[PDB]
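Form solved without this ligand, single chain, as structure tokens, below.
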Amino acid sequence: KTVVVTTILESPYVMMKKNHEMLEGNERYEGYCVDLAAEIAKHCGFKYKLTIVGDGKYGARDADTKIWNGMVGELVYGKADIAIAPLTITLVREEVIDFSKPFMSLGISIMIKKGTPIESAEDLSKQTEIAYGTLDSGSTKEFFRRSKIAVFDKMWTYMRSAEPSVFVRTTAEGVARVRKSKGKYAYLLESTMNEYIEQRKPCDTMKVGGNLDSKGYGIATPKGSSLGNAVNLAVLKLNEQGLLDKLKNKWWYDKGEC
């Protein structure tokens, strides 16, 4: 049986190639997770089909219906066999799906236009002249919603009732908002993404301060999957071979344009 891989279009993890119109199947995509999927498939010895998650979300549970959406949902409901993407390993998700050991370590970070008078999370929480927000349906937003840390909770009370919404639907929208806000909007996002964008022209953003937390991205499989065990060992093997470090260089700095 061909393994159905659910993923998400998020640069530089998964992106359509420039000449995709003349390509088919998995050949239409390129990126860190596309190379990773190939590596895993080869090691676990299976054929696969990359599919972009329907609703374009990572995964959250509807408070009222208790229904899971995003990639997590595709696994939970059996629409996908494995998820290979920048999916954060979290307690609530671990309760419903399986995660391999992390293939990438990261943390929440701050993205500023450039020249913006902000160097830390505290700086943001001290003023209101500069707005800030996060992605939606993600682990970053939830981080602030649940944080008991004085500063982070103070940052959440603002973001929650912020008018208009400081939250964005996709990373691209957040980065776009930062760039066109004359430095009046700071974006909170996962460090790996921050670092990638900082190397992308117009080269007008920069990551500031240390990460607010420490987390990891993991490959996910549904509970009781015959793939989980093998995939977990594959990730460890790949990290130990240095392949994972090889891949980040390739997609983050070898292609940097700043």
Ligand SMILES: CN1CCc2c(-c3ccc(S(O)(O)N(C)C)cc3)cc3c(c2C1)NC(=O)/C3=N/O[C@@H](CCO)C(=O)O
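What we label the rigid core is the largest C-alpha set whose atoms superpose within 1.5 Å from one form to the other. In this text, residue numbers run from 1 along the sequence as written.
Just so it is clear, the following notes concern the form deposited with this ligand bound, a form of the same protein that is not shown.
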Using the site C-alpha superposition to carry this ligand over in the deposited bound form, what's the verdict for this chain: open, or blocked with 3+ ligand atoms inside 2.4 Å of backbone or C-beta? blocked
Three residues, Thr6, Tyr48 and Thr221; all within 4.5 Å of this ligand in the deposited bound form via heavy atoms? no
Partner contact for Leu135 in the deposited bound form: this ligand, 4.5 angstroms, heavy atom: yes
Evaluate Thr205 for contact with this ligand in the deposited bound form, applying a 4.5 angstroms cut-off between non-hydrogen atoms, and reply yes or no. no
Using 4.5 Å between non-hydrogen atoms, is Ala83 touching this ligand in the deposited bound form? no
My question is simply whether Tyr217 lines the interface with this ligand in the deposited bound form - judged by any non-hydrogen atom within 4.5 Å. yes
Using a 4.5 Å cut-off on any heavy atom, which residues of 70-98 would contact this ligand in the deposited bound form? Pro86, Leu87, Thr88, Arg93
Does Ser137 move its CA by 2 angstroms or more between this form and the one not shown when the core is aligned? yes
